[PDB]
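So this first bit is one chain, no partners, the form deposited without this ligand, shown in structure tokens.
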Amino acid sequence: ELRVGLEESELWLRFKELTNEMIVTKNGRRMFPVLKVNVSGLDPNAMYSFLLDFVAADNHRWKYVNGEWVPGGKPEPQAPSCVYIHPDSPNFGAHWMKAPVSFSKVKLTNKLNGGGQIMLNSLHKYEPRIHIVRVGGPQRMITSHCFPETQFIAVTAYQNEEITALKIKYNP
């Protein structure tokens, strides 16, 4: 059976209890923390690609109002975000299982851009999700997995200073 776990969930949970925020820019901003996934149960000799997208967790716009995030009252249809392909793709299962798969190069933006960058809507809440695609073989297959621990609100600048502090405290 294919198993997908979140690496460093302890740390993500610290961000989630504060309501996590991720910066978007016109040119694209990398995430902190980085999504790192532990995978086991792949066929070591089969070929896979690792894909990442961001599900809009609700249809609302969020606002930081007097020290707390609150959702608006005018929902709109949202999804889907584009998909980011992990740069190691395509690769053998053994490659993906030898170390946590780390999405350290995805860039979050708020502008339609030349490619690579993933456009999100500022002030919307998102749930990262991966797709593990078995490629090249006879039987294509997709296994998907979301990571509720890694939910965040996309922002152009940090609103909650407790998030700002945690981001610095645990980055290098």
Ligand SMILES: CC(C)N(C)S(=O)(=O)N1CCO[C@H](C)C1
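When you see a residue number, it is the position in the sequence shown, counting from 1. C-alpha atoms forming the largest set that superposes within 1.5 Å between two forms make up the rigid core. Shifts are known only where both forms have a C-alpha.
Missing here is the form deposited with this ligand bound; even so, the following discussion is about that form.
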Is there any non-hydrogen atom of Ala57 lying within 4.5 Å of this ligand in the bound PDB entry? no
Classify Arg134 as contacting or not contacting this ligand in the bound PDB entry by the rule of any non-hydrogen atom within 4.5 angstroms, answering yes or no. yes
Considering non-hydrogen atoms and a 4.5 Å limit, does this ligand approach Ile142 in the bound PDB entry? yes
After superposing the two forms on their rigid core, pick out the one entry in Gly67, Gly41, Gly136, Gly114 with a CA shift of 2 Å or more between the shown form and the other one. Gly136
Runs in sequence order between the shown form and the other one, three or more residues long, with CA shifts of 2 Å or more on the rigid core: 136-138
